[PDB]
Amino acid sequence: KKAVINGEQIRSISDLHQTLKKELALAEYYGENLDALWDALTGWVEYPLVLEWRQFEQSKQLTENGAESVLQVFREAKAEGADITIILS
């Protein structure tokens, strides 16, 4: 229902995936890559979903903009109709 990312604590793309793994209660063998993220959104996660992403710009610098691609996956599921709310602090 509610997943939180403290971007200040992010140090890489995998950190993001593993945080997401914990915050969204993803599958034990979740793949930690952009494709696994799409698959978990379409066939694992329960909606309504609120994803609060704090200090987004900081996580952006610390992942060589990788956070932007992870964010695109959520926006894509949203464009396709998924009930997701993203809060970018």
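Just count from 1 along the sequence shown to find any residue number.
Peer 1: Could you check which stretch, 27-35 or 57-65, carries the larger mean CA temperature factor in the entry?
Peer 2: The entry gives the higher C-alpha B-factor average to 57-65.
Peer 1: Divide the modelled residues of the chain into thirds by Cα B-factor and specify which third, lowest, middle or highest, holds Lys21.
Peer 2: It falls in the bottom third of the chain.
Peer 1: Based on the entry's values, in what third of the chain does the Cα temperature factor of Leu51 lie: lowest, middle or highest?
Peer 2: Lowest third.
Peer 1: Among the modelled residues of this chain, does the Cα B factor of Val4 put it in the lowest, middle or highest third?
Peer 2: Lowest third.
Peer 1: Check where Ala40 lands among this chain's C-alpha B-factors and tell me if it's the lowest, middle or highest third.
Peer 2: Answer is lowest: the recorded C-alpha B-factor places it there.
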